[PDB]
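Both ligands and their constituent atoms are indexed starting at 1 by order of listing. In what follows, every chain begins at residue 1, and chains take the letters A, B, ... in the order their sequences are listed. The basis for the numbers below is simple: all heavy atoms, side chains too, and nothing from hydrogens, waters or symmetry mates.
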Amino acid sequence: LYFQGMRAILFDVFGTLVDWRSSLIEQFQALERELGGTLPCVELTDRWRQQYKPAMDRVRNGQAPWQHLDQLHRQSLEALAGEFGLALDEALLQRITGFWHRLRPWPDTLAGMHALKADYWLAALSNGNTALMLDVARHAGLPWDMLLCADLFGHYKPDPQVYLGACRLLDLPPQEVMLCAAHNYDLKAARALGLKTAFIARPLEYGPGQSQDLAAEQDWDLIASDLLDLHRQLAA
Amino acid sequence: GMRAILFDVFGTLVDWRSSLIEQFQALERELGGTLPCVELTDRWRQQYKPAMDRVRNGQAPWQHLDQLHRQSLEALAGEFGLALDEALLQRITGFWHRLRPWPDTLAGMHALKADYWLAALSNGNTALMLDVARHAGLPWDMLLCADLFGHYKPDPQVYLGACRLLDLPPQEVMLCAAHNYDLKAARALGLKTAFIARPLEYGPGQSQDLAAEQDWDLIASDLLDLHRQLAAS
Ligand SMILES: [Cl-]
Ligand SMILES: [Cl-]
Ligand code: NA
């Protein structure tokens with residue numbers, strides 16, 4: 001009842017709800033134990049997360065044709081298995097690319113989603129393609145009403161088509177939809193299209209080094225410490 | 001060799017007829033007078049069919065099922081004399097948002113989901129399907145509805161668009177439905193098919209879809225027996 005119009009909460013998923021960095025590191029180390037000796041887990045994980053952007057913006061700007069996030073993960077992984085000089089059979093490239101499909105939830109994510117679902121539709125709003133988000137959902141137990149991913153719309157966030165398409169599929173005006181995210185760039189794009197905004201800081205997403213998105217950069221509608229606290233603030 | 005099950009929803013999973021009539025009865029026990037409850041339910045689907053055929057064949061522009069239910073009801077109100085409030089047209093249009101599962105639906109789905117992705121493949125728009133899922137407790141992985149693709153079944157865009165979003169070849173996807181026309185369209189596009197007869201969908205008078213018209217990949221008496229046939233192999 002904090003608004004009363006607001007009926008759906010869209011969520012960003014990577015970083016906001018799941019700790020991709022820990023999960024990838026962990027999966028790299030299980031691999032190093034199976035292969036012969038050491039792999040550079042941290043450096044691979046951290047570089048991979050940045051490597052596809054030029055290629056994502058490439059897609060955005062029309063420079064290159066549509067590829068979904070699984071494909072960009074595949075590409076970028078090949079490019080730096082090169083640089084870093086590990087050779088990979090197709091069976092391994094497929095396996096490593098699918099690392100992003102099994103990601104650990106933050107301690108609050110599950111409980112908070114189960115709390116919020118009573119009063120609100122919950123939907124994923126991810127750059128992850130639908131099939132990748134289905135696997136992430138099942139591994140972590142995320143209780144989605146719907147998944148509204150980039151590949152439904154042929155755009156990556158923050159293209160306005162993503163937010164607008166989500167609201168179109170939910171059959172809601174923007175002002176009745178809230179985006180919850182850990183990243184101010186996402187919230188900034190949603191606000192400009194009339195969406196409500198809830199920010200949850202995830203200061204460990206990028207590890208002990210993290211410098212970005214430590215705090216709210218605008219007066220988002222709700223600022224919450226975690227998803228259950230978002231639920232508390234929403235019900236009052 | 002098989003990774004996802006697409007389900008038709010109205011009829012196949014949920015008993016819409018009994019649910020609408022039931023809600024029509026309760027509306028009587030609140031209002032003044034009586035309504036043509038059974039009569040109305042039975043005319044409503046036929047009522048929008050023209051509208052849909054006109055969306056499909058281009059003679060009209062994209063309306064979703066919700067909108068179609070609304071326009072059709074209004075027309076049924078005119079016919080039967082009924083003076084219906086904007087609020088009441090909305091509530092009655094909303095009867096489709098709350099539909100009761102068949103007795104096998106929920107456990108059968110909870111069993112099937114362990115092994116397969118479960119996705120709704122419905123003429124219902126996304127938002128209507130969301131209400132139906134939540135009221136009934138349907139555990140979907142995904143909803144692949146008509147409004148996502150801009151097309152109503154049996155247009156090939158629905159089936160083949162579904163498979164592409166699941167990133168799966170048609171052959172690794174099965175459609176489960178109580179309606180032979182749905183399976184027929186899916187089978188011609190390469191999908192696997194499961195048929196489950198729902199002889200009471202349309203009431204004691206039911207004459208269509210009482211049996212399998214083709215040798216569908218599976219023919220099952222309910223979702224549980226389907227689970228059992230798939231476990232067997
Ligand atoms: Cl995401
Ligand atoms: Cl349906
Ligand atoms: Na009629």
Side-chain angles (χ1 to χ4, degrees), chain A residues 10-20 49 56 68-70 72-73 100-101 103 109 123-130 132-137 140 142 144 147-151 156-158 162 166 179-183 185-186 202 205, chain B residues 6-16 36 39-52 64-66 68-69 71-80 96-97 99 101 105 119-126 128-133 136 138 140 143-147 152-154 158 162 175-179 181-182 198 201:
Chain A
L10 300 172
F11 290 87
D12 177 62
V13 188
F14 292 157
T16 299
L17 295 188
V18 297
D19 180 2
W20 53 270
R49 180 53 169 184
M56 201 173 74
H68 60 46
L69 189 68
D70 254 330
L72 302 172
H73 286 171
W100 293 102
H101 288 230
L103 314 163
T109 290
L125 196 82
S126 187
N127 289 327
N129 49 297
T130 296
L132 189 155
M133 285 288 115
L134 279 156
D135 277 351
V136 170
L142 306 190
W144 295 121
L147 299 165
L148 295 163
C149 299
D151 69 334
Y156 288 105
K157 296 192 290 180
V162 176
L179 176 59
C180 175
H183 316 108
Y185 90 88
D186 207 4
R202 296 306 192 177
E205 183 177 356
Chain B
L6 304 175
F7 293 82
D8 179 63
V9 182
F10 286 180
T12 300
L13 298 186
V14 295
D15 178 350
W16 56 269
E39 263 221 314
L40 268 162
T41 298
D42 296 348
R43 303 182 172 267
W44 203 345
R45 313 253 315 199
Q46 351 289 336
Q47 197 66 29
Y48 62 80
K49 284 192 197 156
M52 193 176 278
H64 51 48
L65 198 58
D66 249 328
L68 297 183
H69 285 162
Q71 82 152 60
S72 53
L73 176 75
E74 271 177 12
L76 271 163
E79 313 206 327
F80 289 98
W96 296 90
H97 288 236
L99 309 170
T105 296
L121 194 84
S122 183
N123 283 337
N125 56 293
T126 303
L128 165 64
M129 271 310 92
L130 271 162
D131 277 335
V132 170
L138 311 184
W140 296 128
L143 301 171
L144 300 168
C145 304
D147 69 323
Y152 282 107
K153 300 189 283 188
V158 175
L175 171 60
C176 175
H179 309 120
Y181 96 80
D182 209 356
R198 302 290 199 193
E201 177 169 4

Report the relative orientation of the aromatic rings in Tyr48(B) and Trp96(B); use parallel for angles under 30°, tilted for 30 to 60°, perpendicular for over 60°.
perpendicular
With a 4.5 Å limit on heavy-atom distance, are the side chains of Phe11(A) and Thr109(A) in contact?
no
What is the minimum heavy-atom distance between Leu103(A) and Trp20(A), and which atoms define it?
CD2-CA, 4.1 Å
Partners of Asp8(B) by salt bridge (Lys or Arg N to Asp or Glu O under 4.0 Å), sequence neighbours excluded?
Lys153(B)
Could you give the distance from CG (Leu69(A)) to OG (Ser126(A)), rounded to the nearest 0.5 Å?
7.0 Å
Given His64(B) and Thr126(B), is the side-chain contact (heavy atoms from CB on, under 4.5 Å) satisfied, shown in steps?
CA-CA 9 Å; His64(B) 51 48; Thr126(B) 303; over 6 Å; no
Metal environment of the Na ion (ligand 3), protein N/O/S under 3.0 Å:
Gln47(B) OE1
